[PDB]
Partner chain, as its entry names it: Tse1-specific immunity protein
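Starting off, we have a lone chain in the form solved without the partner chain, written out as structure tokens.
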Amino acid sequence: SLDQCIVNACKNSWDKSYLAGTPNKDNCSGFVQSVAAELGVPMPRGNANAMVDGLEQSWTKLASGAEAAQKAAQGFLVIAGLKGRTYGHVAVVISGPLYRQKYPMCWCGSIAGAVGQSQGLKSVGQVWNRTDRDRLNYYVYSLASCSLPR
């Protein structure tokens, strides 16, 4: 799989604070911003809800979590997102076998603490609850790859 630069960016972004005084581990949107910044990928800005709005507008929408995992394996930046009535959530999809043959692996920060956080060993199906899991949107930046040629 070709996601090593993405994973590296996730690892680096974990300890950064995109927003003053707010660790990215505790801020899903700031985490994703820092990942994109390291990768040089234009990323819609703002809170999780504003990010999903932006991604809907300007990124390529994928059909499934299966496809999300495939695109991440090809070295493309893939964001999983779902708007909330109050606050949304966003995560970076990484390569790896699908959880329950449906849900791709991810990294994400969360204000919720450990229950909403992933350092790559949780799938989106173990961060979002049983109902939200099957309603997630997956967006890919199809314009340029986030991998260096083999």
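For the two forms, the rigid core is made up of the largest set of C-alpha atoms that agree within 1.5 Å on superposition. Positions refer to the first chain, counted from 1. Residues that one form lacks are left out of the comparison.
In what follows, reference is made to the form deposited with the partner chain bound, a form of this protein that is not presented.
Check: Wondering, does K122 line up within 4.5 Å of the partner chain in the bound PDB entry on heavy atoms?
Finding: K122 belongs to the contact set for the partner chain.
Margin query: With a cut-off of 4.5 Å between heavy atoms, is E67 one of the residues that contacts the partner chain in the bound PDB entry?
Written below: Flag for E67 set to no.
Next item on the list: With heavy atoms only and a cut-off of 4.5 Å, decide whether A63 touches the partner chain in the bound PDB entry.
Entry: No, no contact at 4.5 Å.
Item checked: Non-hydrogen atom contact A37 with the partner chain in the bound PDB entry at 4.5 angstroms -> No, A37 is distant from the partner.
Check: What stretches, three or more residues long, have all their C-alphas moved by 2 Å or more between this form and the one not shown when the rigid core is held in place?
Finding: After core superposition, the one displaced run is 143-146.
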